[PDB]
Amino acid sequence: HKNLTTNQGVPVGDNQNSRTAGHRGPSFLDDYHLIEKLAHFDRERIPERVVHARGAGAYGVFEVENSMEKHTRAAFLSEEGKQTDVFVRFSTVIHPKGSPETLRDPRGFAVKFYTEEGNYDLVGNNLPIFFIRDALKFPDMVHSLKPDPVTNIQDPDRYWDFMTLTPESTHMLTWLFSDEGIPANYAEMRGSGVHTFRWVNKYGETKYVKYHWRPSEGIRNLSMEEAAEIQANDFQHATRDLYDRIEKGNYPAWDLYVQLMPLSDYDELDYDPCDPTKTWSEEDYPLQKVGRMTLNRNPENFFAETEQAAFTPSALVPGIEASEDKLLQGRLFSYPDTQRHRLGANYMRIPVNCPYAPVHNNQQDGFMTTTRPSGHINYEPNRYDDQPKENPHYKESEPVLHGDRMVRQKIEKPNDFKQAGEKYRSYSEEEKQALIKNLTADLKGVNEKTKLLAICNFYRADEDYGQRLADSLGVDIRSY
């Protein structure tokens, strides 16, 4: 049994009536409870994420099955049985908060690992590749996919114009327009690091690594017609599903695998191993099991924990480092940059974002300083032995630079179509039909020249792929 109070701690006498001139008169300015209560209501909302605005979160645990110490010194991977707390957010990409979870889109798969050497964020998607290979293009890509800036409705003519003129998108689109473009929910879904990263071991040796999450629940996808039927009755079915699984004790889980590749394999491959439009052959670079993540606890407050959660690919830990991937390189900047705006300069103090590991440094102040700071010394070097100091046992590697000059230049061996053809051919006949069906419904109303260029990009990937699409769209491509 508790009092309603103001934010000043004064108990509230009447939470029903405003203060007025008699029982039915106009309202007085001297009503601190009314003004405080409205003013805070008036300030509840903060900016949604610029992409991935729609999402849901859960906590759980990651457990190591096979220590990875031969390949990385990462502390959270050092020993069999080692357990690390995680927070995870899943999401769509393009549409705003409140938008349906039945739309075609990659799905976000962002994992925060609270390790003893700092927080490690692996900010993944379900699908293992991406549309583009340079971050400079990201606002363009996003602008083309987002609702039209005049009508506020997504328009295939706009994103197909971009994608067709950005032929490195061809492999991505060959995945996205399979039925795996609409996962059934967040649990029955793949996860992927997408980028090549660098793993560095106790001897300073480096390997390239890729990450894969495989669902215990299996993968399940929705046809366009199954997606429509769900959309009719529930625009939030994936959010609902994730919460409910966990509430009922049916905890979803994923096994983590890696692929590893020596740095020297660059010069022999017919693609760039740090091109995020590429996968690595599972025959040549087999999946190796690392451990299992199980999600087992819903957050206590959606806004405080899921909405305010902040992940960044640049939250790396010793033993794990960026690759040269130019898409990745831009992300290192963009996430903490956007988060300082979306959440405040001190967003890293918000509880879900805090490390378990100790934080000590000489940063200070900023909007909403809540942490009770003390001390006279906020600079280094200083004469005081007890104040925080650098620690040379934790230095990153020093990657070798193969280039001679500061350049703006596409990577060599872009190879935009080959893997797209390999993927196409790996599909079963039923999967190939769904792909063509999905592509056709998306392309049928797009401007003719762009329609043709899309067909030609897919034709370059595989002649049967492109021909089928052309036949299904009524386009005669015999002159070419």
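Counting begins at 1, following the sequence as shown.
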Open item on the list: Mean Cα B factor from the PDB record: higher for 68-76, or higher for 301-309?
Closed with: 68-76
- [ ] Give the stretch, out of 230-238 and 93-101, with the larger mean C-alpha temperature factor in the deposited entry.
- [x] 230-238
Open item on the list: If I read the C-alpha B-factors straight from the PDB entry, which of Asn378, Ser144, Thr369, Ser397 is highest?
Closed with: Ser397
TODO: Just grab whichever of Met163, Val352, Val123, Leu269 has the top CA B-factor as deposited.
DONE: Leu269
- [ ] Grab the CA temperature factor for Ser216 from the record and place it in the lowest, middle or highest third of its chain.
- [x] highest
TODO: Determine, from the deposited record, the chain-internal third of the Cα B-factor for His52: lowest, middle or highest.
DONE: lowest
Open item on the list: Please place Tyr384 in the lowest, middle or highest third of its chain according to the CA B-factor in the PDB entry.
Closed with: highest
Open item on the list: Splitting the chain's C-alpha B-factors into thirds, which one does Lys326 fall into?
Closed with: middle
Open item on the list: Ranking the modelled residues of this chain by C-alpha B-factor as given in the entry, is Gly60 in the lowest, middle or highest third?
Closed with: lowest
